[PDB]
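Q: Structure below; questions to follow.
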Amino acid sequence: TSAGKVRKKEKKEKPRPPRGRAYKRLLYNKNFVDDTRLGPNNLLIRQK
Amino acid sequence: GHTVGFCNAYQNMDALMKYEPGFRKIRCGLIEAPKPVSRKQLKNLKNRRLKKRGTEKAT
Amino acid sequence: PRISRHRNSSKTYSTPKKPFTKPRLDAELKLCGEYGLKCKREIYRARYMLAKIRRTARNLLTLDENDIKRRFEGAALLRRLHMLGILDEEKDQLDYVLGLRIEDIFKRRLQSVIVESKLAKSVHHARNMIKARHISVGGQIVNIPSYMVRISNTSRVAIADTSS
Amino acid sequence: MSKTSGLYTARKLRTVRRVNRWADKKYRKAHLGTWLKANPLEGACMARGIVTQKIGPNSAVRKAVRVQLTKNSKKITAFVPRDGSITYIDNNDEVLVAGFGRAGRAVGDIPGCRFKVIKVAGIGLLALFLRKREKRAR
RNA sequence: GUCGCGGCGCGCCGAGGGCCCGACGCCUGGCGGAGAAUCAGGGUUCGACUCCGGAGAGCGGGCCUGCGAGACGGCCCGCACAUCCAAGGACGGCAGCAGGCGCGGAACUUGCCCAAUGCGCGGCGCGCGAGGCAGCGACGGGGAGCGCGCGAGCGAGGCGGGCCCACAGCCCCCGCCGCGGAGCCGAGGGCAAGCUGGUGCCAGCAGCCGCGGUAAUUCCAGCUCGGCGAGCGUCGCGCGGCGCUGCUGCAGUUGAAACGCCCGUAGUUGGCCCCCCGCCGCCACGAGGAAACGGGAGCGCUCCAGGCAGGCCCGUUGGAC
RNA sequence: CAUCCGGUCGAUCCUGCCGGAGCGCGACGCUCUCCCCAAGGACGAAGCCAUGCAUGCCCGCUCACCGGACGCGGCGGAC
Ligand SMILES: [Mg+2]
Ligand SMILES: [Mg+2]
Ligand SMILES: [Mg+2]
Ligand SMILES: [Mg+2]
Ligand SMILES: [Mg+2]
Ligand SMILES: [Mg+2]
Ligand SMILES: [Mg+2]
Ligand SMILES: [Mg+2]
């Protein structure tokens, strides 16, 4: 009835990803040097 | 490493005095700088004086 | 009015008409990694310069060889390219210019020229030292990574005398 | 052919193009002037008015409001985008209203709506939706 | 009459002048150009604003001085506004610099100085809200950064000394100590980027197609991921997309579109032929005529946006075209 | 610096338009470490204006006061 009727997990406090070029360097090794299927469940299953 | 500039050597002291911007003399240790006066007050005085007639030396 | 109104100004880069293109993204990331590019504006700048050179070369090439203007402008362009090290010395015909590539422009950046001399371990290390003013060209120290060295100045690059 | 092609025929081609360029709907809309006089915004990016009444193949009631432009005094209808944003809008309140994506035509399944609310009481609606700003002054 | 020609004005005479190669009239959210935006080529839109020219100083008129004004930080009048009055009287024109109200979607300090460029009057200078310096300033443009590697180093920032400055800053240089901080959009397609919990055609998303009625790949949240990046997104306008205004370069049997047919003026288009003359168009060259912008030769403001410079033994150094 | 993509159907080929993709000029929203350059009440209100400033200089004429005031005169104020 009340509008916004449709409208909390603790935030994963982890070290920030590097900023600037260092971020660019991360993806370069992420897709080539490091073993990857980008975004499927099985990849996320492995990382846990 | 490098610094460049200009100099000016005068034949005599008087020639320096006659040919020299005042602020240059003040920067150098030659003469003494009078205390500054605001030009706004000078303009106010000038307009007030122009307002008066005849002998306007009072203000 | 103010004298500052007569100062000139201009942009220095061009953005792609089609932004999302997989091969282009892959190639741009590849180039950024090899040459340690801070962002994607440097690639656009390089493309801009290459386009300018290519257009000049085209316009000159459309004319006859024995044209006074053609000789004048071709000589000027070739001299500039040779001095800047983009084009090889042995090439003197205008045709070779149109085949140039931005990699040639990139290879003359300060980071690259110090890395090829073995004075730095990597492009990223080179950038880190450059930002910390530890390098010198001739008798002067340059702290701009994008500074472009000339062929006659390649052998005069060293480490800053005052650098610790 | 079907077009005049003589060496001394520039005038005829000019007048032909002049007459026939008026048949394009977009060109008429842009360079005729009727649209300019009819458009409530009078060619402006957005305008300012006052709220006067909150009102309502997809079957989804939408929340909107009636506005009266200050500079022009005419009445229009505006739509409140975000979820639960109607509460931030009170009767007799000053708003800033802009257009939709399409210039003039209606957008989406909303019938006869061509304006959007973006600022209320001097605070961005989207900012209030994310709690960046607050309406405790009102 | 005028500095002066002239229906510029007056008297007389005669009748003419302009028009589909568009007169006259009406409208304009109409100052013009040099130029700006966009981008195969051909083009389309804009042109308040830096240089030139024009017009105006609340509206409409008149005038003195002067070589030069129909002047408005000069005077007179009417109209509309506005101020002081010890009520009889007097008095004003920010579309100049700051500043205030109103209006609007929208726009800065009631600062310092004549030191530089110039103007006015003048002999060893005065004055200039022209102009210069500073302040606010995410209109906007350019250059660096939030690490590298197994130890060091480096910034921002703070405190002093120089340099500069009309005086103060700022940049740059020398010493001591030393804060490393990323957001905005999105993940069904166009278009690069996927797993849990809620809600249940409700709430909401959605430029277009579409989603939502019990796994919602699209709503609301968490995780993860993508693009640009000190910037990102939304709204309106212009160019492009668009060979959907078509000269280059559209279409006209059935999709929108060949007048029912003939004659015919204006208009447009018109076979072949003379070698050498004249005229018109055409091509090439040249003279003359502002720069700035644009192109372009040369120069390491640390690079760059920029600017016209610098070292020494300088084309007469150069600023070509 | 010569580029196209999604949408009418049970499927298919066209015409045709709707929408997306780029640049620039402004306004709104979120955010912002350092330096350089830099526009800034124009947008059917050429609407209305407190307050201060924006045009002076000097050779000629001194029985003024201790020659400098002031005044007449000259140039400029039409840039
Ligand atoms: Mg007008
Ligand atoms: Mg002018
Ligand atoms: Mg005038
Ligand atoms: Mg007048
Ligand atoms: Mg005047
Ligand atoms: Mg005035
Ligand atoms: Mg039919
Ligand atoms: Mg038909």
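Every chain in the structure tokens has a letter given in the order shown (A, B, ...), and although residue numbers restart at 1 in each chain, ligands are simply numbered from 1 in the order shown.
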Please check the contacts: residues of chain E at most 9 Å away from chain B, using only C-alpha atoms (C1' of nucleotides), listed as number ranges by chain.

A: E: 112-113, 115, 124, 166

Q: Grab the residues selected above and save them as a PDB file, in the first residue's frame with N, CA, C and O atoms (P, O5', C5', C4', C3', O3' and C1' of nucleotides).

A:
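out_6.pdb was written with the following content:
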```
ATOM      1  P     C E 112      41.135  50.284  -3.687  1.00  0.00           P
ATOM      2  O5'   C E 112      42.563  49.761  -4.161  1.00  0.00           O
ATOM      3  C5'   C E 112      43.602  49.509  -3.225  1.00  0.00           C
ATOM      4  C4'   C E 112      44.899  49.173  -3.915  1.00  0.00           C
ATOM      5  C3'   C E 112      45.432  50.224  -4.879  1.00  0.00           C
ATOM      6  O3'   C E 112      46.157  51.255  -4.233  1.00  0.00           O
ATOM      7  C1'   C E 112      45.451  48.119  -5.940  1.00  0.00           C
ATOM      8  P     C E 113      46.276  52.702  -4.917  1.00  0.00           P
ATOM      9  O5'   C E 113      47.062  52.427  -6.277  1.00  0.00           O
ATOM     10  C5'   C E 113      48.425  52.033  -6.256  1.00  0.00           C
ATOM     11  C4'   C E 113      48.998  51.882  -7.644  1.00  0.00           C
ATOM     12  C3'   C E 113      48.913  53.099  -8.547  1.00  0.00           C
ATOM     13  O3'   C E 113      49.915  54.062  -8.272  1.00  0.00           O
ATOM     14  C1'   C E 113      48.274  51.167  -9.754  1.00  0.00           C
ATOM     15  P     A E 115      54.040  55.594 -12.898  1.00  0.00           P
ATOM     16  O5'   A E 115      54.867  54.248 -12.701  1.00  0.00           O
ATOM     17  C5'   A E 115      56.212  54.137 -13.138  1.00  0.00           C
ATOM     18  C4'   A E 115      56.518  52.737 -13.598  1.00  0.00           C
ATOM     19  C3'   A E 115      55.943  52.344 -14.949  1.00  0.00           C
ATOM     20  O3'   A E 115      56.735  52.793 -16.036  1.00  0.00           O
ATOM     21  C1'   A E 115      55.460  50.654 -13.375  1.00  0.00           C
ATOM     22  P     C E 124      58.753  68.779 -17.494  1.00  0.00           P
ATOM     23  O5'   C E 124      59.762  67.579 -17.217  1.00  0.00           O
ATOM     24  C5'   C E 124      60.321  67.377 -15.925  1.00  0.00           C
ATOM     25  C4'   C E 124      61.386  66.309 -15.944  1.00  0.00           C
ATOM     26  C3'   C E 124      62.198  66.185 -14.658  1.00  0.00           C
ATOM     27  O3'   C E 124      62.550  64.821 -14.432  1.00  0.00           O
ATOM     28  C1'   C E 124      63.639  66.728 -16.455  1.00  0.00           C
ATOM     29  P     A E 166      56.273  46.138 -11.563  1.00  0.00           P
ATOM     30  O5'   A E 166      56.444  47.078 -10.290  1.00  0.00           O
ATOM     31  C5'   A E 166      57.131  48.316 -10.383  1.00  0.00           C
ATOM     32  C4'   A E 166      56.640  49.294  -9.346  1.00  0.00           C
ATOM     33  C3'   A E 166      56.369  48.710  -7.969  1.00  0.00           C
ATOM     34  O3'   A E 166      57.547  48.597  -7.188  1.00  0.00           O
ATOM     35  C1'   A E 166      54.553  50.086  -8.629  1.00  0.00           C
TER      36        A E 166
END
```

Q: All residues within 9 Å of ligand 5 are required, counting only C-alpha atoms (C1' of nucleotides) and all ligand atoms; please report them as a VMD selection string.

A: (chain E and resid 57 71 to 73) or (chain F and resid 78)

Q: Return the single residue from F:33, F:15, F:55, F:62 that is closest to ligand 8, with distances computed using only C-alpha atoms (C1' of nucleotides) and all ligand atoms.

A: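 That would be F:15, the residue with the smallest distance to ligand 8.
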
Q: With 10 Å as the limit and counting only C-alpha atoms (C1' of nucleotides), what residues in chain D lie close to chain F? Please list them as a list in words.

A: residues 44, 45, 46, 96, 98, 102, 118, 119, 123, 124, 125, 126, 127 and 132 of chain D

Q: Take the residues from that selection and put them in a file with N, CA, C and O atoms, as a compact mmCIF listing (two decimals), in the first residue's frame.

A:
```txt
# COMPACT_ATOMS: atom_id res chain seq x y z
N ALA D 44 13.41 26.96 -24.63
CA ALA D 44 14.35 26.84 -23.53
C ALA D 44 14.61 25.38 -23.20
O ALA D 44 13.80 24.49 -23.47
N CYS D 45 15.78 25.13 -22.60
CA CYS D 45 16.13 23.77 -22.19
C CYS D 45 15.18 23.27 -21.10
O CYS D 45 14.76 22.11 -21.13
N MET D 46 14.85 24.12 -20.14
CA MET D 46 13.92 23.76 -19.09
C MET D 46 13.35 25.03 -18.48
O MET D 46 13.90 26.12 -18.64
N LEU D 96 11.37 22.54 -10.92
CA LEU D 96 12.05 22.76 -12.19
C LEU D 96 11.77 21.58 -13.10
O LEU D 96 11.99 20.42 -12.71
N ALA D 98 12.01 19.76 -16.97
CA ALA D 98 12.71 19.63 -18.24
C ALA D 98 11.92 18.71 -19.17
O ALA D 98 10.83 18.24 -18.84
N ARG D 102 12.78 12.63 -26.35
CA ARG D 102 12.27 13.09 -27.63
C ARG D 102 11.72 14.50 -27.47
O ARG D 102 11.01 14.80 -26.51
N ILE D 118 12.96 17.41 -12.29
CA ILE D 118 14.37 17.14 -12.04
C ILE D 118 14.83 17.79 -10.75
O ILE D 118 15.69 17.25 -10.05
N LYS D 119 14.27 18.95 -10.41
CA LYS D 119 14.62 19.65 -9.17
C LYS D 119 13.35 20.07 -8.45
O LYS D 119 12.40 20.54 -9.07
N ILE D 123 16.61 21.42 -4.83
CA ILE D 123 17.46 20.25 -4.61
C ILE D 123 17.14 19.22 -5.68
O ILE D 123 15.97 18.95 -5.96
N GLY D 124 18.18 18.65 -6.28
CA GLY D 124 18.01 17.64 -7.31
C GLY D 124 17.20 16.45 -6.84
O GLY D 124 17.44 15.90 -5.76
N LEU D 125 16.23 16.04 -7.66
CA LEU D 125 15.40 14.89 -7.31
C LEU D 125 16.22 13.61 -7.21
O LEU D 125 16.04 12.82 -6.28
N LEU D 126 17.12 13.40 -8.17
CA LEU D 126 17.94 12.19 -8.15
C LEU D 126 18.84 12.16 -6.93
O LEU D 126 19.04 11.10 -6.32
N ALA D 127 19.39 13.31 -6.55
CA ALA D 127 20.22 13.37 -5.35
C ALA D 127 19.42 12.99 -4.12
O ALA D 127 19.91 12.25 -3.25
N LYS D 132 21.65 11.74 -0.90
CA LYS D 132 22.77 12.68 -0.87
C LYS D 132 22.37 13.99 -0.20
O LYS D 132 23.11 14.53 0.62
```

Q: If the limit is 9 Å from any atom of ligand 1, counting only C-alpha atoms (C1' of nucleotides) and all ligand atoms, which residues qualify? Return them as a PyMOL selection string.

A: chain E and resi 28+30-31

Q: Taking only C-alpha atoms (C1' of nucleotides) and all ligand atoms into account, which residues have an atom no farther than 12 Å from ligand 6? I'd like them as a list in words.

A: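 The residues within 12 Å of ligand 6, counting only C-alpha atoms (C1' of nucleotides) and all ligand atoms, are residues 57, 58, 72, 73, 92, 93, 94, 95 and 96 of chain E; 49 and 54 of chain F.
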
Q: Tell me the residues of chain C close to chain F, meaning within 8 Å using only C-alpha atoms (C1' of nucleotides), as a tab-separated table (two decimals) with N, CA and C atoms, in the first residue's frame.

A:
```tsv
chain	number	residue	atom	x	y	z
C	4	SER	N	44.67	39.17	-23.38
C	4	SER	CA	44.56	37.73	-23.28
C	4	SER	C	43.55	37.14	-24.25
C	16	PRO	N	37.41	8.05	-31.38
C	16	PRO	CA	36.82	7.17	-32.40
C	16	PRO	C	35.34	7.42	-32.59
C	17	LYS	N	34.88	7.21	-33.82
C	17	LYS	CA	33.46	7.34	-34.12
C	17	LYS	C	32.66	6.17	-33.57
C	18	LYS	N	33.23	4.97	-33.63
C	18	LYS	CA	32.62	3.78	-33.04
C	18	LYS	C	33.37	3.42	-31.77
C	51	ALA	N	47.87	11.39	-38.65
C	51	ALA	CA	46.93	11.85	-39.66
C	51	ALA	C	47.41	13.14	-40.31
```

Q: Going by DSSP on the backbone, which bits of chain A are helix (DSSP H, G or I)? Write them as a PyMOL selection string, please.

A: chain A and resi 21-33+41-47

Q: Generate the output file for the selected residues, N, CA and C atoms, as a short mmCIF file (atom, residue, chain, number, x, y, z; two decimals), in the first residue's frame.

A:
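Saved file out_38.cif follows:
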```
data_model
loop_
_atom_site.label_atom_id
_atom_site.label_comp_id
_atom_site.auth_asym_id
_atom_site.auth_seq_id
_atom_site.Cartn_x
_atom_site.Cartn_y
_atom_site.Cartn_z
N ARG A 21 47.81 3.65 -14.01
CA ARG A 21 48.23 2.60 -14.93
C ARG A 21 48.28 1.24 -14.26
N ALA A 22 48.58 1.20 -12.96
CA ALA A 22 48.70 -0.08 -12.28
C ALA A 22 47.43 -0.91 -12.46
N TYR A 23 46.27 -0.24 -12.50
CA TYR A 23 45.03 -0.93 -12.82
C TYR A 23 45.08 -1.51 -14.23
N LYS A 24 45.61 -0.74 -15.18
CA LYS A 24 45.73 -1.24 -16.55
C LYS A 24 46.64 -2.46 -16.60
N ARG A 25 47.72 -2.45 -15.82
CA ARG A 25 48.61 -3.61 -15.78
C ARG A 25 47.91 -4.84 -15.24
N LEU A 26 46.99 -4.66 -14.30
CA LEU A 26 46.29 -5.80 -13.72
C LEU A 26 45.51 -6.57 -14.78
N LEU A 27 44.76 -5.86 -15.62
CA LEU A 27 43.94 -6.56 -16.61
C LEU A 27 44.81 -7.25 -17.66
N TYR A 28 45.94 -6.64 -18.03
CA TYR A 28 46.82 -7.28 -19.01
C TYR A 28 47.21 -8.68 -18.56
N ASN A 29 47.64 -8.83 -17.31
CA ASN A 29 47.98 -10.15 -16.81
C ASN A 29 46.75 -10.98 -16.49
N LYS A 30 45.61 -10.33 -16.23
CA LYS A 30 44.40 -11.07 -15.89
C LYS A 30 43.90 -11.91 -17.06
N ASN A 31 43.96 -11.37 -18.27
CA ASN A 31 43.37 -12.03 -19.43
C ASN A 31 44.35 -12.89 -20.21
N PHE A 32 45.66 -12.68 -20.05
CA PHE A 32 46.67 -13.43 -20.79
C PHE A 32 47.53 -14.26 -19.85
N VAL A 33 48.35 -13.62 -19.01
CA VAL A 33 49.30 -14.36 -18.19
C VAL A 33 48.57 -15.27 -17.21
N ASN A 41 29.60 -19.11 -13.69
CA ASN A 41 29.58 -19.60 -12.32
C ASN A 41 30.84 -20.39 -11.98
N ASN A 42 31.22 -21.31 -12.87
CA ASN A 42 32.35 -22.19 -12.58
C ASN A 42 33.61 -21.39 -12.26
N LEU A 43 33.83 -20.29 -12.96
CA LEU A 43 34.98 -19.45 -12.63
C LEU A 43 34.83 -18.86 -11.23
N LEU A 44 33.61 -18.46 -10.87
CA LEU A 44 33.38 -17.94 -9.53
C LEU A 44 33.43 -19.05 -8.49
N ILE A 45 33.04 -20.26 -8.86
CA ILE A 45 33.15 -21.40 -7.95
C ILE A 45 34.61 -21.63 -7.58
N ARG A 46 35.50 -21.55 -8.57
CA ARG A 46 36.91 -21.82 -8.32
C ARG A 46 37.51 -20.78 -7.37
N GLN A 47 37.16 -19.50 -7.54
CA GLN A 47 37.78 -18.43 -6.78
C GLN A 47 37.40 -18.45 -5.31
#
```

Q: Dump the neighbourhood of ligand 8 as a list in words: all residues within 9 Å, distances computed on only C-alpha atoms (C1' of nucleotides) and all ligand atoms.

A: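 For ligand 8, the residues inside 9 Å are residues 252, 254, 255, 256 and 257 of chain E.
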
Q: Which residues of chain C are close to chain B, meaning at most 12 Å apart when you count only C-alpha atoms, and how do they look as a list in words?

A: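 Written out as asked, the residues are residues 136, 139, 140, 141, 160, 161 and 162 of chain C.
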
Q: Using only C-alpha atoms (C1' of nucleotides), which chain E residues lie at most 10 Å away from chain A, written as number ranges by chain?

A: E: 145-147, 182, 193-195, 197-199, 202-204, 219-225, 229

Q: Determine which residues of region 58-107 of chain D receive a DSSP assignment of strand (DSSP E), computed from the backbone, and state them as a PyMOL selection string.

A: chain D and resi 64-69+75-79+94-99
